[PDB]
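Okay, structure first, notes after.
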Ligand SMILES: Nc1ccc(/C=C/c2cc(Br)c(O)c(Br)c2)cc1
Ligand SMILES: Nc1ccc(/C=C/c2cc(Br)c(O)c(Br)c2)cc1
């Protein structure tokens, strides 16, 4: 129900081994850790959560773009790329969060489907 | 060896039934029709060409964004989104051309892999 | 030293009257309010800070995109857009944080000049 | 009535000294030269046309991104970036075509205002 895909605009490639952390806003307004993982060789991160676990809420997907760039030997501008959204509030949906990275820029889009 | 994927930034969905035309620059500097098709329900267009057919050259991928938006009842800014690039000049590669559409904007990226 | 510019990809216009908050990362890793305002008719927000006040560190620029889209009657995806970056004195002196908004997407870039 | 602004997503800067050609679509569907120039230190290209000369029709803005990246020693994907649009008198009067460049990607938006 939640997939993250990351691409590299410099190399024209998937962004591999990118760390991703997902948080969910708690009742006390803090960000509770929800799930995390690493993008694969395809730039995709599968298996973050389950339909059971992925309840309604406000979620933050933090993509650790700085660590990615530094590993390639590049000093980038941003610390991370964030995506903050309400999920599943009209029932379960499937979300893909895609991000396209450059050293001084990023872009993100959501693909939301109703199974 | 050549795949086109198109997403809708307004709807948060694949861009379905988007017409795509591919041209190749001829010896006389004109744009020769090469291949064409329509994106599927996934926003993907597969089967445009073959490794045999897809020789070195300068290719133009024209995504008919205006027709897409007009079909949804929207008057968009651009006539089409173009992607013009040299392909296969250091041997066969696999190219994905991805585009993300809004009524007054688009973005495109290439994912190039060496099989 | 810090300007924010916001554009609307749906209407093909500056994004006008958008609330923007800037935070600075504190020692305890919390986000402390630093500066804020609303974009002008040109989509720009000037006068956030001064050379004196804007020191090296980690900053977060939060753009209230959800209110923006609601006010235009358009259904949005994100709660807000965030841009988190380090200000570095060895690079150029003036930072422009630009954002391009769609309902289910946004893009941001930095234009850092002297 | 027509301005072009180009930014560099790799360096976080305006894209300076980039060649830009504008064409207008002719009756025979061919592309006729209309205006051209090079971006300034701010990444902007002003003075392309006048209100008088800029009539409704289909225009193509070609940005020579390949030369730009080559001059910086960076390997590029695209031959050029294109932006093809219709000028419509029922909409606002001033058009800004903005482009954000990376080696394997670009983004473009229109800012159309009165
Ligand atoms: N600017 C901008 C922002 C995001 C994107 C997404 C590309 C994208 C490519 C593949 Br292939 C794919 O499977 C998915 Br899902 C998404 C492109 C351009
Ligand atoms: N993805 C994407 C596409 C386009 C842009 C444009 C940024 C932009 C910056 C400044 Br300063 C300016 O004056 C104008 Br007019 C436009 C940003 C991100």
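In order, the residues displayed for chain D correspond to 31-144 in Swiss-Prot numbering, which applies throughout.
How was it done? The header gives X-ray crystallography, 1.4 Å.
Each Cβ is built from the backbone N, Cα and C atoms, and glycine gets one as well.
DSSP assigns residue D:137 (L-thyroxine binding site) to a strand in the three-state reduction. For D:35, D:74, D:137, the entry in Swiss-Prot reads L-thyroxine binding site, with the evidence type experimental evidence.
Under the heading N-linked glycosylation site, Swiss-Prot lists D:118. Non-local contacts of residue D:118 (N-linked glycosylation site) by the CB criterion (under 8 A, 6+ apart in sequence, same chain) comprise D:86.
If you look up Swiss-Prot, you'll see D:62 marked as 4-carboxyglutamate, on the strength of experimental evidence. Within the same chain, residues at least six positions away from residue D:62 (4-carboxyglutamate) with a Cβ under 8 Å of its Cβ are D:53, D:54, D:55, D:56.
The Cβ neighbour count for residue D:72 (phosphoserine), using a 10 Å radius and every protein chain shown, is 13. Residues annotated as phosphoserine in Swiss-Prot: D:72.
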Please list the recorded positions from D:62, D:72, D:74, D:118 whose Cβ falls under 6 Å of any atom in ligand 2.
none
Over the residue list D:35, D:74, D:137, recorded for L-thyroxine, what is the maximum interresidue Cα distance in Å?
16
Number of Cβ atoms other than its own within 10 Å, given for residue D:74 (L-thyroxine binding site):
16
Structural state of residue D:62 (4-carboxyglutamate), classified by DSSP into three states:
strand
